[PDB]
Amino acid sequence: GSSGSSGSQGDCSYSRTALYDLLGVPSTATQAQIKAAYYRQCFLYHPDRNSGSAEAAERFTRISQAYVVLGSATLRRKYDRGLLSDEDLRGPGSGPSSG
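Following PDB author numbering, the numbering of the sequence shown begins with 1 at its first residue and continues without gaps.
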C-alpha cells in the first residue's frame with residue numbers, strides 16, 4: 001500500500017457522504033466520474049453472473065442508490081442544502097401518463 005498508515009475512526013451517524021464512498025468519488029467529484037464509477041460497480045457484479053450471491057445482492061442494492069441521489073445534478077444540490085428526503089429516495093411518483 002502506502003507508507004504512512006493512518007488510524008481508523010468511525011462516526012455512528014446518518015450517512016453523510018456514503019453514496020460518494022460506495023463508488024469512490026469525492027464529495028466534489030464530476031459527472032464524468034460519478035458515472036464512470038457507477039458503471040465499474042456493475043461490470044464487477046452483473047445480474048446474470050451472480051446466480052445466487054448473497055453479499056453481492058445486498059451491496060448491489062446499496063450501490064444503485066449512489067447512482068440515484070447523485071445520478072442527477074439537481075438532487076445532489078438538494079441533499080447539499082438538506083432538501084433531499086425519503087420521498088425522493090423511494091420516489092412514489094410512478095406512472096407516466098399515456099393513453
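Backbone N, C-alpha and C fix where the C-beta goes; we use that ideal spot for every residue, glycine too.
Using a C-beta cut-off of 8 Å, the region 56-68 makes contact with the region 35-44, since at least three inter-stretch Cβ pairs fall below that distance. A distance below 8 Å separates the beta carbons of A66 and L22. DSSP places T28 outside any alpha helix (DSSP H), giving it a letter other than H or E. With a cutoff of 8 Å on beta-carbon distance, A37 and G24 are scored as near each other. Rounded to the nearest angstrom, the gap between the Cα atoms of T28 and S64 is 19 Å.
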